[PDB]
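A short write-up of the structure that comes next.
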Amino acid sequence: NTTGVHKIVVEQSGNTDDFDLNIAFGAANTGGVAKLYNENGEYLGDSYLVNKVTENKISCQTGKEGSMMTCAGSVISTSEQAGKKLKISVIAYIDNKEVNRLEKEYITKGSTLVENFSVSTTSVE
């Protein structure tokens, strides 16, 4: 069964001040639209959108009847200096069992860097 607590953790490290990290989370339950919760179990709404993430770790999860979760993100550089690095890890879980992972490293070239990513708990290999 694919039904359980669907969770996606986004982590950033490096020159975090020289980038803008924008992430959006969406999920589905066996009943319909899923409620979203943070690590402390606080309700976030049915869509969780964080613009210019300042935290080094962002987490989003469903209830026990979750069927899917998607995380879409964008990385935009805010520096004219080349060689600024951002490390991103996107880890997907179903009942605290890792089901998917994306590891990315972004490096500035002097021009505006516009990068995107999309990770889901139900992505087929």
* **Given charges at Cβ of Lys, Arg, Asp, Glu: the chain dipole, positive-most of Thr78, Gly32, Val119** => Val119
* May I have the pair-distance distribution P(r) for region 54-98, computed from all Cα-Cα distances with 5 Å bins from 0 and rounded to whole percent? => 5, 13, 24, 19, 14, 10, 7, 5, 3, 1
* **Qualifying trypsin sites (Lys or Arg not before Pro) in region 23-85, DSSP loop, other Cβ atoms within 10 Å at most 12** => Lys52, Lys64
* Cα-based equivalent ellipsoid of the chain: semi-axis lengths in Å, sorted from largest, via gyration tensor -> 29, 14, 11
* Given the options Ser67, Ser111, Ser13, which has the most mean-square fluctuation in a GNM of the chain, springs set between C-alpha atoms less than 10 angstrom apart? -> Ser111
* Would you mind working out the magnitude of the charge dipole of the chain relative to its Cα centre, with +1 at each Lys and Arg C-beta and -1 at each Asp and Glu C-beta, to the nearest 20 Debye? => 100
* Asked: Based on the Kirkwood radius over alpha-carbon pairs, what value in µm²/s does the Stokes-Einstein equation return for the translational diffusion coefficient of region 7-67 at 20 °C and 1.002 mPa s?
  -> 173
* Structure fact -> As straight-line cross-link partners of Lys109, the qualifying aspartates and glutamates (C-alpha separation under 14 Å, not fewer than 8 residues apart within one chain) are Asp18, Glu80
* **Straight-distance crosslink candidates among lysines, where the alpha carbon sits under 24 Å from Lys104 and sequence neighbours closer than 8 are dropped** => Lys7, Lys52, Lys57, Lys84, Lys85, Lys87
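None of the figures in this text is laboratory data; all of them are computed from the coordinates on show. All Cβ positions, even for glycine, are placed from backbone atoms using ideal geometry, and neighbour counts span all protein chains on display.
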